[PDB]
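J.:
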Amino acid sequence: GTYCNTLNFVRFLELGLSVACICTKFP
Amino acid sequence: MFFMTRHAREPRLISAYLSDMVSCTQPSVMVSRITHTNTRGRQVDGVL
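Protein chains in written order, with UniProt numbering: chain W, 71 to 97; chain X, 242 to 289.
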């Protein structure tokens, strides 16, 4: 009936700060 | 020391104090199935 939320993760490109820079992947 | 007595005239400093007070404690981490609600559907956060 009552639980505990653990590990509130977060991504980067959903943050909002990802409009001042153009991030890109490279192997 | 005394909000409601000294600043009894300005009604905005009191509201600022209340906002600072409610936004001062770390929210507890407990998800539950059946909790308190309002008519529309918003859940209650704290007690004063």
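Don't be surprised by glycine CBs; every beta carbon is placed ideally from N, CA and C.
Compute the beta-carbon to beta-carbon distance between W/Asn78 and X/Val272, rounded to the nearest angstrom, for a pair I have assumed lies under 8 Å.
T.: Numbered from its first residue, the first sequence carries residue 78 of chain W at position 8. Numbered from its first residue, the second sequence carries residue 272 of chain X at position 31. Incorrect: roughly 12 Å between the Cβ atoms, too far for contact.
J.: Using the Cα positions of X/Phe244 and X/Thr266, report the straight-line distance between them to the nearest angstrom.
T.: Mapped onto the second sequence, residue 244 of chain X falls at position 3. Mapped onto the second sequence, residue 266 of chain X falls at position 25. If I take the Cα positions, the gap works out to 20 Å.
J.: According to DSSP, simplified to helix, strand and coil, what is X/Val263?
T.: Residue numbering aside, residue 263 of chain X sits at position 22 when the second sequence is read from its first letter. Here X/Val263 sits in helix by DSSP.
J.: Could you tell me the distance, in whole angstroms, from the CA atom of W/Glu84 to the CA atom of X/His248?
T.: In the first sequence, counting from the first residue as 1, residue 84 of chain W sits at position 14. In the second sequence, counting from the first residue as 1, residue 248 of chain X sits at position 7. Straight-line Cα distance between these residues: approximately 43 Å.
J.: How about X/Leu259: is its Cβ closer than 7 Å to a heavy atom in the ligand HEM?
T.: For the ligand HEM, the structure offers nothing, since it holds no ligand at all.
J.: Since W/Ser88 and W/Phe82 are thought to touch, with beta carbons under 8 Å apart, how far apart are those beta carbons, to the nearest angstrom?
T.: What you label residue 88 of chain W is simply residue 18 of the first sequence in a count that begins at 1. What you label residue 82 of chain W is simply residue 12 of the first sequence in a count that begins at 1. Right, their Cβ atoms sit about 6 Å apart.
J.: Does chain X have any CB closer than 8 Å to the CB of W/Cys93?
T.: As a first step, residue 93 of chain W must be located in the first sequence, where it is residue number 23. Cβ-Cβ to chain X under 8 Å: no for W/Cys93.
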